[PDB]
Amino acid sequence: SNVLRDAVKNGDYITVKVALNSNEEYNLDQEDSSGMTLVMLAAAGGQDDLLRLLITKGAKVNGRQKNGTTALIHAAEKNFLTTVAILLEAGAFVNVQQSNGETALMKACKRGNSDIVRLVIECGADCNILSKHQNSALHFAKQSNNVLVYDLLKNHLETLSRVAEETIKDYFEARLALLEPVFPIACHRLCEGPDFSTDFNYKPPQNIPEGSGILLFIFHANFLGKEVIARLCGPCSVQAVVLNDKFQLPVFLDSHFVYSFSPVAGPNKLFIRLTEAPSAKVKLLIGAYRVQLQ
């Protein structure tokens, strides 16, 4: 019973091997008053072989504490690179937030570990996410004054925006032209869930070219290493878009990748409902831009 909890907090690989081949029914998802499961304590202590057994014993990788911390966040806190690698190999959600609004990537940027940064953003992490204090991963990376980390993040986002321009060019045959992003393009892992939510701020410029308009794009994208490729056709995972409790409607009835986006100045709330494919390896690049109608 209790024996496995303290065993996992400490080093007892033989004990766990026997308990895992023994004829006793153990709940490997029990949470103490704090809420930590065996998976996240094991990840807290860098005891990797325990993690391999826990994964091969059917243990939720993506649990959460009462303050919203998953095992992956714990691993990121204490620089246990090998543990992060195995969790990402186990289908762990990367972009979950704590009650304070911080993600794993932010911890890795804060402590200056470039390797974790590469590993998570390559597996589809979102850089522009903000905490309750409106600091992004990028601000932490630059204040920690670790050049490799902030170069990595900056080049990653440069690549994302570049591919957005390229794909819209390809799909509208250049009769249309992007002008200025409305709000930092975000990234969503479909395997993480069917819901998507965010809060942003919109500040219009004085000079609005008459005949120009705002559109929301949901590019369906794949990350292969450092290369990202995206599409605005084919299978769509978008069912509904809600901007401030007002549904937004697609510009076309044949596709659900481009929606009309008429935000009001100041704070805005966006929430999208998606299809459920827990095994989908698809990333969604969500961005609302102004555009010119040629």
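So that there is no doubt, residue numbering starts at 1 and follows the sequence shown.
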Quick one: higher average CA temperature factor, 179-187 or 105-113? 179-187
According to the deposited model, is the average Cα temperature factor higher in 114-122 or in 163-171? 163-171
Would the CA B-factor of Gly234 place it in the lowest, middle or highest third of its chain? lowest
Using the temperature factors of the C-alpha atoms in this entry, rank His156 within its chain: lowest, middle or highest third. lowest
For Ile208, return the chain-relative third of its C-alpha B-factor as stated in the PDB record: lowest, middle or highest. highest
Sorting the chain's modelled residues by C-alpha B-factor, tell me whether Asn100 ends up in the lowest, middle or highest third. highest
Chain-wide C-alpha B factor ranking for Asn79, given as lowest, middle or highest third: lowest
